[PDB]
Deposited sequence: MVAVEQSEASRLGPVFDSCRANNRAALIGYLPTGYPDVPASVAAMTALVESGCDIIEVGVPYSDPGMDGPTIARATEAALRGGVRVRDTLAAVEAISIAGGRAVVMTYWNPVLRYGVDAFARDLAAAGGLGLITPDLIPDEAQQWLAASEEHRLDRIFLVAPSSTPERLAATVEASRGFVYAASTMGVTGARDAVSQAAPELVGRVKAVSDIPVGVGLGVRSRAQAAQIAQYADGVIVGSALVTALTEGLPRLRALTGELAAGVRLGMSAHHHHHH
């Protein structure tokens, strides 16, 4: 009945804060270095980790994440490396969902990928190029293997499509928006549903995270974590510490 991420957003709202949701791509700068970074997010205060599956044609990603995923693919990263990362995070006590474009999932086998994500301790899937309209197989696999399904909404979303995307989502809805567009989009979700809402808005600072925690249930950070890891692992730790404190404001 309850979603897998339901308890995490309960714990956050009980402690007067939003959830810090941190994205990193598998295999950047290489596979072991990327797992050390994902484990260091759990140690540094991330509540949920988005494990990125590098894709050769990531249309919704900007050049910070795209160049990292290109480097990861040049280094020979494989989809299976993403499931090993999900296991390393779970064993370290963290809470992991996967963000992936749909073709790698189709190529794996949808049912097979969901089974194997579940067996790794993975709690859900974020699906930026899968809409509920094409999600028949995914809905079946999601129920079967008890994974959350985080669909995206946008500022342009029609009233009818927003309600349906929200109704098809479990765990949280990703309000993607990359001044007042983000909080209005969050308001439009709240008017039809009490499902948690995460907001990505190119956050790079403590102050930016605090502003988003005032209305959104989750603060999603991606690009800035990748930029930090490029400088070094201690820069990632320090930046994650600043964001973990931002969400408590």
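Residues of the deposited sequence missing from the coordinate set occupy positions 1-7, 186-195, 267-276.
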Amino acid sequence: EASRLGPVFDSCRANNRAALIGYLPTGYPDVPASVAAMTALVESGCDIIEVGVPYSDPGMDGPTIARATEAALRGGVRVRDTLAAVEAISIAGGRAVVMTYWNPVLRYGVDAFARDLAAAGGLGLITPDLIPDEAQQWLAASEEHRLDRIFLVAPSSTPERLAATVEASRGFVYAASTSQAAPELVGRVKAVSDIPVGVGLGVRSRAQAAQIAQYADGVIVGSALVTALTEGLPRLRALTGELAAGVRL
From here on, numbers count along this sequence of modelled residues.
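For residue 178, the fraction of other compared entries lacking coordinates, among those that model flanking residues, reaches at least a third. Stretches 69-77 and 167-175 differ in mean C-alpha B factor, with the higher average recorded for 167-175.
Stretches 158-166 and 97-105 differ in mean C-alpha B factor, with the higher average recorded for 158-166.
Sorting 183, 32, 222, 58 by the CA temperature factor given in the entry leaves 183 at the top. When the modelled residues of the chain are ordered by C-alpha B-factor, residue 49 sits in the middle third. Per the deposited record, the Cα B-factor of residue 187 falls in the highest third when ranked against the other modelled residues of its chain.
Residue-level temperature factors show residue 232 in the highest third of its chain, judged at the C-alpha atom. In the PDB entry, a CA B factor belonging to the lowest third of its chain's modelled residues is recorded for residue 26.
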